[PDB]
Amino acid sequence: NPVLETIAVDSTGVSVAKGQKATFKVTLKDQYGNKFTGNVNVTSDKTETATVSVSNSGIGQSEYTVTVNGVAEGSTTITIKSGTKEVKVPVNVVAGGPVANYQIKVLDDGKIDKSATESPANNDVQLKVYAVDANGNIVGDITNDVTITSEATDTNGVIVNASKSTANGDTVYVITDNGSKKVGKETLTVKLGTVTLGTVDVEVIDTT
C-alpha cells in the first residue's frame, strides 16, 4: 500500500535579495514515484533572515508552492515536514547585484484545459517575470513592467488572452482561453518596452 516516501522539490536552494520573494514547488511522492496526498508544514529556522509560507495552507494536496520572503541578509534553511519525512532547503538572502538576466516563471502547470468539466478546474496559466543578478539571485519582480502578447493574427487555432492582475503591489500575468478551436502550444512574447526578453509556450489541452 502507498506510503509517503519522498518530499520532492524543484529547488536545491533559494537565492533571494533582501525585500524580494521567491517560490519553489513541492510534490509528495510514494515509494513507487506516484503522487501522494498528504499535509505539509514549512518552517524557517531563522525568521529574522527569511520567512516562509505554503499554498492551500499545506493541506489536502500532493503538490504545493512554497514562498520564501527575504527579510535580512544571512543564510538559513526552510524545513518542510510531513509525518516522519523531512527536507531542509538552503536559503541565502543577499544584498543583490545589478540585473544580469531574466527568468520567465510558470507558476501553475502551464496548461489551460478547454474541457467544460475538468476537476479541479484548470482554466488559466499564471506567469511572473523576475530580474536575476549575475550570481543567480532574484533581485526584482518585474511582472508589472513587462508586456506579454501572443501572435496578432491566429495561425494555429489556439487563442488566448493575457492580462496583468495586480493587487497589494503584486502582479501576476494571467493567461486564459479566448475561443481556441484546437489544442496545442501558443508562443507568448515577453517585452520590456520595445526590448524582447524571451518567449514562453503555453499549452491548451482538452481532457473531455
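When you see a residue number, it is the position in the sequence shown, counting from 1.
- The PDB entry records a higher mean C-alpha B factor for 189-197 than for its counterpart among 6-14 and 189-197.
- Relative to its counterpart among 169-177 and 30-38, 30-38 has the higher mean temperature factor, C-alpha atoms as listed in the PDB entry.
- When the Cα B-factors of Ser82, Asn135, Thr79, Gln126 are read from the PDB record, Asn135 comes out highest.
- Among the modelled residues of its chain, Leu107 has a C-alpha B-factor that falls in the middle third according to the deposited record.
- Among the modelled residues of its chain, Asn56 has a C-alpha B-factor that falls in the lowest third, as given in the PDB entry.
- In the PDB entry, a CA B factor belonging to the highest third of its chain's modelled residues is recorded for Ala95.
- In the deposited entry, the Cα temperature factor of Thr47 sits in the top third of values across the chain's modelled residues.
- Remark: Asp145 belongs to the highest third of its chain, ranked by C-alpha B-factor as recorded.
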